[PDB]
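First up is the structure itself, then whatever we jot down about it.
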Amino acid sequence: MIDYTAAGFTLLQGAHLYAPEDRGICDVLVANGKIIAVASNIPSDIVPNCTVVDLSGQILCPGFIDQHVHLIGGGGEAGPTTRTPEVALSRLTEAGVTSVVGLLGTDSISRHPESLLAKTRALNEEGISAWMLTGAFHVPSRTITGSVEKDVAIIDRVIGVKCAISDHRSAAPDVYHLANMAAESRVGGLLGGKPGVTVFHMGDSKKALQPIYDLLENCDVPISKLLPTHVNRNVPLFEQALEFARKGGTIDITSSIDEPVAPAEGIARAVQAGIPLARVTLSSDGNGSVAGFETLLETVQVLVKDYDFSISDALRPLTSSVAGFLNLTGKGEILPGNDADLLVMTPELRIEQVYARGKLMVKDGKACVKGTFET
Amino acid sequence: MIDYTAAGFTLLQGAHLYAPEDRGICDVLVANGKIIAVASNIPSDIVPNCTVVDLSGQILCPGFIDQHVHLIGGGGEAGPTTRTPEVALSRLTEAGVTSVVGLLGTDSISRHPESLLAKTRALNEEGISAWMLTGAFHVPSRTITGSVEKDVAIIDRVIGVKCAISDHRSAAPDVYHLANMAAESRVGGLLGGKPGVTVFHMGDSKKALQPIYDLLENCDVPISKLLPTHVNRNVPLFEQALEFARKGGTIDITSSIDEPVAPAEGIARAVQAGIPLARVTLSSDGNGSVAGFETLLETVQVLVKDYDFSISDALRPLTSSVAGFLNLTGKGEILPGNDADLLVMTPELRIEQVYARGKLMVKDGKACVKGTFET
Amino acid sequence: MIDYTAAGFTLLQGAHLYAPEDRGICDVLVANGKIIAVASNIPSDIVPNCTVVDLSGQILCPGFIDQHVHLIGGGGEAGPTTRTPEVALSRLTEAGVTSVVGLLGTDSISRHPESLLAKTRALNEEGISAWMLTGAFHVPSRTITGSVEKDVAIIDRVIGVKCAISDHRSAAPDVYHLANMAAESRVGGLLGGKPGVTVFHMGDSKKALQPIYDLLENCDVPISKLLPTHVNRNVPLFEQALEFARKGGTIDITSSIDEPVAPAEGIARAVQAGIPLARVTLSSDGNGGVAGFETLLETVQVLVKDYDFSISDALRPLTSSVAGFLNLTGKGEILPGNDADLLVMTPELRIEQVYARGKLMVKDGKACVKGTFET
Amino acid sequence: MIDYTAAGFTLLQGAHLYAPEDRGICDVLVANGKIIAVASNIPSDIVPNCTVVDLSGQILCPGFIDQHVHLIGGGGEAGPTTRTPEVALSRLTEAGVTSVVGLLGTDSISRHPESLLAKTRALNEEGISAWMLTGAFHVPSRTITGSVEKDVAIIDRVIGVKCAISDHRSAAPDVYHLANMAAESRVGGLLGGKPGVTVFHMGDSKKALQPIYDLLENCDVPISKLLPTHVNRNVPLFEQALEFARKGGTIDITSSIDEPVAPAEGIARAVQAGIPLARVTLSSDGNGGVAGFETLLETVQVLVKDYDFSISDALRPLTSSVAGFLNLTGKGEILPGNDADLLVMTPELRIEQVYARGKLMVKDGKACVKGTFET
Ligand SMILES: [Zn+2]
Ligand SMILES: [Zn+2]
Ligand SMILES: [Zn+2]
Ligand SMILES: [Zn+2]
Ligand SMILES: [Zn+2]
Ligand SMILES: [Zn+2]
Ligand SMILES: [Zn+2]
Ligand SMILES: [Zn+2]
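From first to last, the protein sequence lines stand for chains B, B', A and A'. A prime marks a further copy of an entry chain.
Numbered by PDB author numbering, the letters in the first sequence go through residues 1 to 289, 304 to 389 in order.
Numbered by PDB author numbering, the letters in the second sequence go through residues 1 to 289, 304 to 389 in order.
Numbered by PDB author numbering, the letters in the third sequence go through residues 1 to 288, 303 to 389 in order.
Numbered by PDB author numbering, the letters in the fourth sequence go through residues 1 to 288, 303 to 389 in order.
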């Protein structure tokens, strides 16, 4: 007997596959954490030492990508007792999240990019995929290397920068500071091979998107690198958000904000407004002040259920659109060559199994792989 | 005999209590520096080892809170010989001051936040309550830790920042510098549990409050965190001040400025203008260039005497309004659970006794507790 | 009815009291989180609105002081997945800990004193008493203000500095670097009113205590300011620690180290060697596998049960000796005027209730007060 | 037809395999750049879309690991015209190198770690495996983040630090400076999951290894973290290196130094001296006249051909010993789960093909994959 177990051959058979594109009943073959074949009727003996998983009657789709999570904890706005705890592995996986982007909020005094970076690396080791944004609400940005441009270019896991505008907790940044920061992230992304995006936490100020428009007139960063998040937090903002997307921008809807514009509602409206799903993303703001991750899946459910979306479409904002926006190669789509990050769900869209890089992380809706110190 | 002296039981009996609210003839019971009961006819034997103080015929009210004092000394505008000496404990207590906020002025070359911080701590130890503002006239601010946001968040006694505008002694700050500073103080306050205010020394420039209005358009700091002081220094300024308060702001009147708008006059006008007393505070600018603290009590006297104010109202600007403005928990009001900071006065409003945190500091109008090196 | 509930009057009746000193059956009267009277037969009606607790049959002693806890998490020695999580309130209280000293270890790259400071403050707000050490294994120290002297002098919660020597995880400090750091801690503590100690993490190097001796020859910091910890980790080091104690130093034994010198054994041997318990402390290294706090109570039990120590003596290293070494005023002993940090145990030394600053935190061995984010 | 080409299945058939361990005629099955099976007679049809390679008559061994290459160029010692050019991909692969460690030398003024880091990353993207050392001859080290500890801990590709001693091109470091740097590297590696080594360029000073011995007496960094290189440069130094190895250290012989101790001779003598091959490595100093990489293969050949070493043994210093010293997971040995970095040679030890991460890089002794700018 020759041992071929090192390959981790796994054949996922019989599910209705949503790539996110609907592919009907189709098989998925994996090896070494990667999707090596996607086709109907793959032979169960095509490769030696194969784990065969019968998924007939179930749905198979890409794992979710949540680009807005306070991995190391957040909060602190009402004093020290309000600092939230770091996020546990199992909380992400049970919610269907296989790829995450960590960031900081208001507090960048007791919270540091170096800590965020360590946590990011820990999660990668524990089995999922993670990246981070440098900076925090504060502008000028507090970085690891002392320069936004340098953090993005040199720190492997950093893909862009975070900031806050139009919010009572911002640093009152002027146009020049915002432009220069955005431009540094853009340039750093080019040199490091990162999307080099600038993510804007939006608050309730009546100035709404104004600062972004101002920025665009004061620099040459492409519109496609600027991401306003929390856009559903207030009406005028949301509306302004729709115009910004119409101009070529991408907008991030927050799943944890249920009023005045609910997440599913926002997504539907955007589509009805003529914005392609490719320019609409959804994120949780998980572990902030603790917001959980269940609203992600719930949004999907609502879209299909109450908004006439097909399952395919409903998945885009959490899969292909994000991956596309952040240029996350090998993520968000079920194609040969991509990472084996997959969800197994019931036809009613309840999570049964989660695989990350080909490893079974959750079974029967329960994490079977946990963080190092998870209790 | 069981010894219960550790509790410092003290029963203040028979005075006419102004909480500041008029409560008629009512008793106050104290233990461990705190007000534990407020009611008419408390039994003199309700607790063992009780010091009973008969205050019949007298008035009992909250200790004053002076939020503008140059604790370590100030001056220096006419050269080195004009640097004033540090403030002595007894000078505060004899004037009815039990809580103070220290700050710097023009000079932040020979004067340092670190020194101010030490003095602040010394006074706390000597028996009263004290806090400070970081910064000074100079903008950008000279701080302890190098960041306004960090000083406010991390240094326990620091509650906000000071600055100078519209004055021939300012640092010619631009809007951006002012906004960013204000925003840092605001954010630092949230993280440290401090009011996170910005205090503006106002000078005689015709620009008057303009810079503040400008700031508000350039940032999202709430109006309620911005405090213009010395507003009675000139007419147009005072008038502008009234409008600012009408918009939701709080204004600080300086007791030591007698012309062209006297302190009592300013307070009366503000009320007549429709501004609630809650948004009017009074401070001394004591020990600056040496201004004393007697004008505090005098203002109160004048308000009642010549302006038709009730005693209750007359006290607000030195007690409940300040405490409220700076979120000084346990101060400015006589309620169970609050600190036993109290004044004992004659019906004509002359100070007889002062208790700070339950300790008798002044008796028969004379300090009976003095600073460590007081002579 | 007059309300006197603000006082929080609590009478703990008829327990056998170990102060730690055996006081026999004795009562304890608490107000405002302070012990106000200790005596036999305190009249259940001596003060109004008094909560009376029948402790008959129980034991009463002071709350434990654990001076070596990784409050924000530690670890990291085997990569990022090894970073432990922050400490939760209930874990401390259930272990009988009412006062803690937080510190950093090996990792001072992903762990920062500012974070530690915030966590310290949260714990105080949550109900217990907490302080911290600046620095970490690294020498020269990583500090908050840029200076060890300045940190100790001006940051309220900071009481000294931490370092590592004779360990393969050290920074290879030379004597000057160590001496300067200890001297700074010392001076900063006089200025700030702190003990100004230097705590040395000891590793397994054969050099053992040598660097300490070297240090003493190169400076004038008193031996009573120098704390070697983890002394029970190896025999030869342990034996040198006894001589160190013999000369006037205090030694800290780690409860989480079982071999080669168990904690109880450690303490027993010190006593056999003629060392006064006043110079021996016991700490957990909690949250540093992943260290818990049960070993503290365990040690006390073992000493009484297998070693013939009296309860009083057994208690010293966790109470009076610690308070004594760190000059923690109001802690470690049950006396009028001290803080109401108490343990109620069964005659078999099992914890039933815990009071921290006069508040019931644990009842029937289970936390009834939890950290803000505890689930 | 189902497409399984994404797996990149490759079966290397019938070569005589040296793992380095002699495994006789044995097959190797590769998928996704990983070795998934090693066994005699693997069925040519065991997996679909399999490329089968007849290696009958050939030799198969692991790709070389060269841990001492001046990836961005070196030189500069005789003025600016002496700055050598950067290394080109094909030069490494044709020499049998599939994993490299880049470092700086004398010049750290016109040469920077940021440049080195970029080049390292380009090489990984181009097809091979590359890491680097921070620092350079200069002590204190010139680093990327300002700290040696921080560089090793947080920059993914950094595995330790370089320095120079006993050489007229040194910075005249004293022992403290060296000890601190080694300790930082050590600690940073635990945190970052890196070997955390210190590599010492040795020159011709009569002091030879002394500074290393001094160091060990002044710190607790393990001897297994200290790498003296260029040990064959002089006799007396060489002889001391043997004793060093004898004590548990590993020594690095330079392939480009022919006299007075030739590389093969060097390795032979170590063996004669009783040193296990595990503690002897061979590196090129390539790109540092201007050093090439042919000396690596040359050495192996000479050892077999003129010295009676077995092929397996001859291979160790370039493969398993290096991987072993640097903890390079997945490298240096042919085992299932390891990376598919392989050399196919003629029985006369002439390189025919090279696979790096399962990709054919060299065919018929000539590169078929070149650097982006190779012409
Ligand atoms: Zn946000
Ligand atoms: Zn957020
Ligand atoms: Zn002023
Ligand atoms: Zn002033
Ligand atoms: Zn330790
Ligand atoms: Zn520790
Ligand atoms: Zn060299
Ligand atoms: Zn070299």
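Where a beta carbon is used, it is the ideal one built from N, C-alpha and C, also for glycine.
Note down the Cα distance separating residue i from residue j, rounded to an integer number of angstroms.
| i | j | result |
| --- | --- | --- |
| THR106(B') | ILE65(B') | 23 Å |
| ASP54(A) | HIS16(A) | 12 Å |
| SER170(A') | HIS177(A') | 13 Å |
| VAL87(A') | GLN58(A') | 29 Å |
| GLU94(B) | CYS382(B) | 10 Å |
| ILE25(A) | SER335(A) | 23 Å |
| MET181(B) | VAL28(B') | 59 Å |
| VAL139(A) | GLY160(A) | 14 Å |
| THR98(A') | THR145(A') | 28 Å |
Looking at chain B, is there any beta carbon in it that lies within less than 9 Å of the beta carbon of residue i?
| i | result |
| --- | --- |
| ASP156(A') | yes |
| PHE387(A) | yes |
| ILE128(A) | no |
| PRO211(A') | no |
| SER115(A) | yes |
| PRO236(A) | no |
With 9 Å as the threshold, decide whether the Cβ of residue i is near any Cβ in chain B'.
| i | result |
| --- | --- |
| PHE200(B) | no |
| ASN180(A) | no |
What is the DSSP secondary structure of residue i, reduced to helix, strand or coil?
| i | result |
| --- | --- |
| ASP54(B') | strand |
| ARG269(B) | helix |
| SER334(A') | helix |
| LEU329(B') | helix |
| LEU123(A) | helix |
| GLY63(B) | coil |
| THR198(A) | strand |
| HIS112(B) | coil |
Ends of the beta strand (DSSP E) at residue i?
| i | result |
| --- | --- |
| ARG246(B') | No beta strand (DSSP E) holds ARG246(B'); the alpha helix (DSSP H) holding it covers 235-246. |
| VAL30(B) | 27-31 |
| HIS16(B) | 16-18 |
| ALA37(A') | 34-39 |
Where do the ends of the alpha helix (DSSP H) carrying residue i lie?
| i | result |
| --- | --- |
| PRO276(B') | Element bounds for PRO276(B'): n/a, residue is neither H nor E. |
| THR309(A') | 308-321 |
| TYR213(A') | 210-217 |
Using the beta-carbon of each residue, which ones in chain A' are nearer than 7 Å to residue i?
| i | result |
| --- | --- |
| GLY79(A) | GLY193 |
| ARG233(A) | What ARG233(A) touches in chain A': nothing, since even the nearest Cβ is about 14 Å away. |
| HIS230(A) | Going along chain A', no residue has its Cβ under 7 Å from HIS230(A), so there is no contact; the nearest lies around 14 Å. |
Any beta carbon from chain A within less than 9 Å of residue i's own beta carbon?
| i | result |
| --- | --- |
| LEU277(B) | no |
| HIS112(B) | yes |
| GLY74(B) | no |
Are the C-beta atoms of residue i and some chain A' residue less than 9 Å apart?
| i | result |
| --- | --- |
| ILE109(A) | yes |
Whose Cβ in chain B' lies nearer than 8 Å to the Cβ of residue i?
| i | result |
| --- | --- |
| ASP167(B) | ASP220 |
Cβ closer than 7 Å: which chain B' residues qualify as neighbours of residue i?
| i | result |
| --- | --- |
| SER170(B) | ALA183, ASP220 |
Which chain A residues are close to residue i, counting only those with a beta carbon under 7 Å from its beta carbon?
| i | result |
| --- | --- |
| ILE36(B') | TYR4, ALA6, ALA7 |
| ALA122(B) | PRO80, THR81, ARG83 |
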